[PDB]
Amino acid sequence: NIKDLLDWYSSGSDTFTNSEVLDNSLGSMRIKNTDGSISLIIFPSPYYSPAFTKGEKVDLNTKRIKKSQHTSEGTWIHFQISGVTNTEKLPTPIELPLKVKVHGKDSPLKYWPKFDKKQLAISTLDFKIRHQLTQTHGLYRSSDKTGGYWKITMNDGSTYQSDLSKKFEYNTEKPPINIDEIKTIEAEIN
């Protein structure tokens, strides 16, 4: 499972802002990005179905599930999953409270980016978190760091959790959350 996790999380993600919705139906979205590329994004979760209609603008913070294809028309087509949110941006980028424990002991962060989007898909948060964990805390880089979890507690107390030993559960993904409403984010590596 490690190679798969290391592969998925140490690599980057695609970020596109103000992409236009071409189509939204039957669990997938066809989106036109400002760089001219076309994104075909699937939404497998019955709990997360973007309601954006044709012509609406959206932001993408997503991962490719297949190799992008350069068409004969000179257009890149990306095959991504989830990560479609509105375009609202916070007045100024904010620091999300991420507390990390590795084998029981607190572990200070390094290179934890600020966030400027009002809403982010839970899967986006998941990859941002684990990416941080793999780059600075060695998650998936050594046999003593292949599991654990991350947990986001909202201000109203609701929580979101993800097992670090498994790939994110896109199939049950909940709707995007307002990050300015996140109380804490904690992650333990075991």
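Start at 1 with the first residue shown and count on from there.
Peer 1: If you average the Cα B factors in the entry, which is higher, 74 to 82 or 112 to 120?
Peer 2: The entry gives the higher C-alpha B-factor average to 112 to 120.
Peer 1: Using only the Cα atoms and their B-factors as the entry lists them, report which of 136 to 144 and 160 to 168 averages higher.
Peer 2: Of 160 to 168 and 136 to 144, the stretch with the higher C-alpha B-factor average is 136 to 144.
Peer 1: By its CA B factor, does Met154 count among the lowest, middle or highest third of the modelled residues in the chain?
Peer 2: Top third by C-alpha B-factor.
Peer 1: Can you tell me whether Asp180 has a C-alpha B-factor in the lowest, middle or highest third compared with the other modelled residues of the same chain?
Peer 2: According to the entry, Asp180 has a C-alpha B-factor in the chain's highest third.
Peer 1: Is the Cα B-factor recorded for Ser11 in the lowest, middle or highest third of its chain?
Peer 2: It falls in the top third of the chain.
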